[PDB]
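Protein chains in written order, with the entry's author numbering: chain a, 35 to 79, 88 to 142; chain 4, 66 to 103; chain S, 45 to 205; chain R, 101 to 149; chain c, 223 to 320; chain Z, 82 to 156; chain K, 2 to 178; chain b, 109 to 150.
Cβ atoms here follow ideal geometry from the backbone N, Cα and C, with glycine treated the same way.
Each remark here refers to the structure printed beneath this line.
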Amino acid sequence: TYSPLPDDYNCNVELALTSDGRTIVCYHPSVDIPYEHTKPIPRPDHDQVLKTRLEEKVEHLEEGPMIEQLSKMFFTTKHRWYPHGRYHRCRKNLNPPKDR
Amino acid sequence: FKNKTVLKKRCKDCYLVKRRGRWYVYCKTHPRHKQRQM
Amino acid sequence: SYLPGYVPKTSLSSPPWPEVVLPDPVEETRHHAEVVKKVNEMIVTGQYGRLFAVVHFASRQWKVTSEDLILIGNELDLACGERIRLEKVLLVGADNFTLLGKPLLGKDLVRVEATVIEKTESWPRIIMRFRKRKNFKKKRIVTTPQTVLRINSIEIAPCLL
Amino acid sequence: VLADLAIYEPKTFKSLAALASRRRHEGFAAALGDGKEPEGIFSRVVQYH
Amino acid sequence: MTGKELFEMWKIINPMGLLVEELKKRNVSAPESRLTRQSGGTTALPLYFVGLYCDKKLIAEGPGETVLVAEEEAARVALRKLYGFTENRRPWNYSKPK
Amino acid sequence: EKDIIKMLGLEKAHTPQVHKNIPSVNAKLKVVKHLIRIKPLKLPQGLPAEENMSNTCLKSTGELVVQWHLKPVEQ
Amino acid sequence: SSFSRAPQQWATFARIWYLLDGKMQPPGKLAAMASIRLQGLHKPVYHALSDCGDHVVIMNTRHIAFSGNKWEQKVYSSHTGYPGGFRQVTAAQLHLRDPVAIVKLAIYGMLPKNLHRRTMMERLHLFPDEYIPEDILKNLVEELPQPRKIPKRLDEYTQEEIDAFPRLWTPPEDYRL
Amino acid sequence: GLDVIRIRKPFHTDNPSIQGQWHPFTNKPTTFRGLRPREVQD
RNA sequence: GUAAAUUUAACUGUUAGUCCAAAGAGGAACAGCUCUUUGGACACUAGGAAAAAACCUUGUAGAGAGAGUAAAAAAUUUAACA
Ligand SMILES: [Zn+2]
């Protein structure tokens with residue numbers, strides 16, 4: 035019943051050796067999440091005469107309150123939300139190389 | 066209370082006691098024998 | 045009912061790490077054969093997809109797979125397009141099975157072949173040395189030769205048993 | 101390689117961790133004995149001449 | 223088509239709907255979508271792992287920023303495995319024919 | 082001490098050198114004995130011959146083998 | 002994992018909320034395990050240039066345990082900048098005035114001294130008691146184990162363990178005790 | 109014919125991962141009913 | 001053991017030095033003090049002592065997204081009493 039690592043989270047590792055002992059065999063089949071460990075997705079979320095037309099709710103906010111709201115929802119600091127000058131905006135490479 | 070690096074009893078009534086981190090010498094018979102470890 | 049070496053359970057009476065019992069070598073020896081045979085049986089039937097192999101080339105270990113590129117900082121004295129075999133393979137792995145060399149796999153177990161596709165010089169490298177107040181200043185530019193290899197195929201053979 | 105394996109081959113890295121952990125346990129067992137017991141299965145060393 | 227995924231070249235609409243039809247041809251019950259992993263659900267940077275289960279058996283698990291996006295990606299994962307166009311598939315054989 | 086190192090051919094560090102166990106050579110070694118590691122040379126296969134010059138290899142144990150096959154032991 | 006390129010990138014660089022229970026735990030050991038999660042040092046894909054840090058939630062920060070006489074000996078000193086503004090308060094004084102200051106300062110001193118340190122402190126949440134806001138509580142993922150194992154009090158031992166432990170001496174019957 | 113300039117990586121692979129690229133949930137075990145820490149159901 | 005040394009020819013340049021270890025002087029058995037001797041380092045690279053000319057590790061020179069190592073992390077909590 036010996037196991038170097040618990041075969042519960044990632045895979046079932048089974049160490050082995052060859053007859054000559056010149057190669058180590060590692061059979062590690064992937065483990066599947068049991069059906070009993072998951073939660074169902076939350077699918078659910088009158089006398090009206092006028093149709094509910096889409097109403098714009100873009101409230102005007104100053105530079106201060108706008109950054110404070112952003113810094114709380116993304117859990118960052120206010121410093122990154124301030125703009126930068128033209129000198130830095132021109133040094134940025136708009137066509138960077140891409141890998142994979 | 067006289068501060069002394071080395072605390073020495075000055076009579077048979079002086080007794081050592083450990084209080085507040087430093088040794089003290091108390092002597093009810095002779096109040097001038099009281100000492101505080103420096 | 046206490047042995048001469050008995051110690052009552054305290055904080056330091058026993059080692060903090062739990063006791064570990066290794067399997068019986070006689071029992072485990074045949075258990076290894078069962079695992080090796082199962083993995084060997086996965087090779088004859090071709091129950092594997094893409095394979096990644098770790099090879100030792102140019103004093104360097106490359107985690108390469110098929111149809112990828114590797115840049116080598118020296119000339120191999122080989123014409124472009126020639127197909128060669130990388131003899132040293134230290135690790136071959138798949139989605140479900142992995143084989144380890146000690147420290148190298150046998151030539152009868154794994155075969156990795158590459159192709160010379162481009163031989164070019166490196167971009168100019170600046171080598172400059174400067175010392176203050178000593179009038180010591182000299183600049184050197186070097187272009188080390190380079191070679192690009194593309195791994196074509198990584199195939200294994202059922203020789204575990 | 102190990103850094104690349106730890107990122108792109110998590111299952112292969114766990115196999116190496118199990119091998120290192122097994123070898124680590126073999127040394128502790130050998131340290132408790134006085135050499136009478138044989139060496140561990142993974143503690144064997146391939147000799148090159 | 224080496225470093226390109228199946229649906230990166232074959233643009234489709236509603237992969238979840240196409241997954242149901244391919245399971246009907248193989249006599250497979252309708253998959254059930256359930257949440258396997260969850261992180262930052264109340265924040266603006268969430269992560270959902272929706273798992274497709276046929277007869278209480280996991281067939282694919284996919285990530286996403288929202289539940290619908292994660293479910294849509296999980297459907298694409300199942301289709302890739304059914305069609306055999308996974309990233310794990312063996313590379314194309316360019317060797318000389320025997 | 083620097084001069085004696087040059088006389089013994091020990092310029093590059095971690096480069097084994099073979100010398101004769103004679104009092105005159107030992108006299109130089111006893112001067113720089115704190116800068117070098119001294120090990121005896123052992124010959125399990127004996128002195129290399131003319132046919133074994135190309136197959137020698139000095140192992141870390143101090144033994145000089147005359148058959149460097151680069152092949153795992155079949156035993 | 003046969004994912005699409007964008008979902009695969011998002012999952013790898015996602016943020017995971019962790020939970021820490023600070024009751025009867027040293028602040029430094031709490032900070033040591035909180036430091037790596039905040040910096041992202043627990044991920045194999047960690048890099049300084051990549052903001053791979055996570056969120057750490059520490060509860061019961063009021064009931065931390067200080068080893069030795071650190072409640073009385075350790076001093077937290079700060080300067081307001083004005084003359085005579087040099088203030089020095091002990092750990093006990095600071096703990097009563099602010100139950101979360103001790104843990105916050107220990108974690109803040111472990112992060113790298115760079116501009117990213119203040120960003121990592123925004124992803125750290127401290128709560129003096131076991132009460133947690135729903136939004137922060139509804140997005141937790143894993144509860145990291147406590148570093149220090151709390152020793153059991155003498156009244157928490159069951160009779161099975163008390164009777165199992167043998168007595169070492171026989172007291173005299175005439176001893177008043 | 110490519111420009112003789114600096115090459116960012118000495119290697120280039122289009123399928124770097126075969127067993128699945130690492131994600132933070134790779135090495136985390138699942139709990140019964142997938143409950144969150146200190147969360148009560150029903 | 002090693003490969004230099006002397007002589008011949010032709011001239012330039014350096015010699016207002018430092019600190020460390022050691023022996024001994026002057027001062028006060030002070031000085032980052034002064035003055036000799038032996039040796040090292042420095043004005044030649046790099047790593048480590050927090051920053052670091054003089055301590056330790058280490059030299060002969062390039063490229064690498066390889067590897068093995070050198071020096072290299074201060075300890076310590078002390079008073080009863082016939
Ligand atoms: Zn008195």
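Check: Any heavy atom of ligand 1 closer than 7 Å to the beta-carbon of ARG85 (chain 4)?; Outcome: no
Check: Any heavy atom of ligand 1 closer than 7 Å to the beta-carbon of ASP78 (chain 4)?; Outcome: yes
Check: Please state whether the Cβ-Cβ distance between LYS111 (chain R) and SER64 (chain a) is less than 8 Å.; Outcome: yes
Check: Does residue 265 (chain K) get closer than 8 Å to chain c when you measure Cβ to Cβ?; Outcome: The question about residue 265 (chain K) has no answer here: the residues shown for chain K are numbered 2 through 178.
Check: With respect to 7 Å, is the separation between the Cβ of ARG101 (chain 4) and the closest non-hydrogen atom of ligand 1 below this value?; Outcome: no
Check: Can you give me the start and stop residues for the beta strand (DSSP E) that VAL192 (chain S) sits inside?; Outcome: 189–200
Check: Can you list, in chain order, the residues of its chain whose CB lies under 8 Å from that of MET238 (chain c), leaving out five sequence neighbours each side?; Outcome: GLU293, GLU294 and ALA297
Check: Roughly how many whole angstroms lie between the Cα atoms of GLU126 (chain S) and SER197 (chain S)?; Outcome: 14 Å
Check: Which complete alpha helix (DSSP H) runs does the region 120–161 of chain K hold, if anything under 4 residues is left out?; Outcome: 135–138
Check: Does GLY225 (chain c) come within less than 8 Å of chain b when only Cβ atoms are used?; Outcome: yes
Check: Starting from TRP72 (chain K) and walking both ways along the alpha helix (DSSP H), at which residues does that stretch end?; Outcome: 71–74
Check: Below 8 Å, can you find three or more Cβ-Cβ pairs linking the region 61–79 of chain K to the region 17–29 of chain K?; Outcome: yes
Check: From the beta carbon of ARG175 (chain S), is the nearest beta carbon of chain c less than 8 Å away?; Outcome: no
Check: Taking 8 Å as the threshold (beta carbon to beta carbon), is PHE119 (chain b) in contact with chain c?; Outcome: no
Check: Listed in chain order, which residues of the region 278–303 of chain c have Cβ atoms closer than 8 Å to some Cβ of chain S?; Outcome: none
Check: What residues in the region 124–143 of chain Z have a beta carbon less than 8 Å from any beta carbon of chain R?; Outcome: none
Check: Express the C-alpha separation of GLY135 (chain R) and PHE141 (chain S) in angstroms, rounding to a whole number.; Outcome: 34 Å
Check: Using CA coordinates, which residue listed in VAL65 (chain S), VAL154 (chain S), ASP121 (chain S) and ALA97 (chain S) is at the minimum distance from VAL160 (chain S)?; Outcome: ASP121 (chain S)
Check: Would you grab the beta carbon distance between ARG129 (chain S) and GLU157 (chain S) for me? Rounded to a whole angstrom, and I think it's under 8 Å.; Outcome: 5 Å
Check: Excluding the five sequence neighbours on either side, which residues of its own chain have a C-beta within less than 6 Å of the C-beta of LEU205 (chain S), listed in chain order?; Outcome: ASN84
Check: For the putative contact between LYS139 (chain K) and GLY263 (chain c), defined by C-beta atoms under 8 Å, what is the C-beta separation to the nearest angstrom?; Outcome: 6 Å
Check: May I ask which residues mark the beginning and end of the beta strand (DSSP E) holding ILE161 (chain S)?; Outcome: 154–165
Check: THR35 (chain a) versus chain c: which residues are under 7 Å apart at the beta carbon?; Outcome: Here the premise fails: no neighbours, minimum Cβ distance about 26 Å.
Check: How many angstroms separate the CA atom of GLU92 (chain Z) from the CA atom of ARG169 (chain S)?; Outcome: 31 Å
Check: Would you please verify whether the beta carbon of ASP134 (chain R) is less than 8 Å from any beta carbon of chain S?; Outcome: no
Check: Hey, quick one: how far does the alpha helix (DSSP H) through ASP84 (chain Z) stretch, first residue to last?; Outcome: 83–88
Check: Scan the region 50–77 of chain S for residues whose Cβ lies nearer than 9 Å to a Cβ of chain a and list them as they occur along the chain.; Outcome: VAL64, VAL65, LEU66, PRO67, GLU72, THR73, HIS75, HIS76 and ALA77
Check: So is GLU109 (chain R) buried or exposed if we call it buried at 16+ other beta carbons inside 10 Å?; Outcome: buried
Check: Taking 8 Å as the threshold (C-beta atoms), are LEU153 (chain S) and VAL98 (chain S) in contact?; Outcome: no
Check: Among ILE87 (chain S), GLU71 (chain S) and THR187 (chain S), which has the Cα closest to the Cα of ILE141 (chain R)?; Outcome: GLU71 (chain S)
Check: Out of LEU89 (chain Z), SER105 (chain Z), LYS101 (chain Z) and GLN148 (chain Z), which one is the CA nearest neighbour of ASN133 (chain Z)?; Outcome: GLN148 (chain Z)
Check: If I'm right that residue 225 (chain S) touches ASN123 (chain b) with Cβ under 8 Å, what's the distance once you round it to whole angstroms?; Outcome: As shown, chain S starts at 45 and ends at 205. That puts residue 225 (chain S) outside it, with no answer to give.
Check: For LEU145 (chain Z), count neighbouring C-beta atoms within 10 Å of its own C-beta (all shown protein chains included) and say buried if the count is 16 or more, exposed if not.; Outcome: buried
Check: Nearest by alpha-carbon distance to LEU39 (chain a): which of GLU126 (chain R), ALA129 (chain R) and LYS114 (chain R) is it?; Outcome: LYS114 (chain R)
Check: Measure the alpha-carbon distance for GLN160 (chain K) versus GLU63 (chain S) and round it to whole angstroms.; Outcome: 26 Å
Check: Return the CA-CA distance between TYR270 (chain c) and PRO113 (chain K), expressed in angstroms with no decimal places.; Outcome: 31 Å
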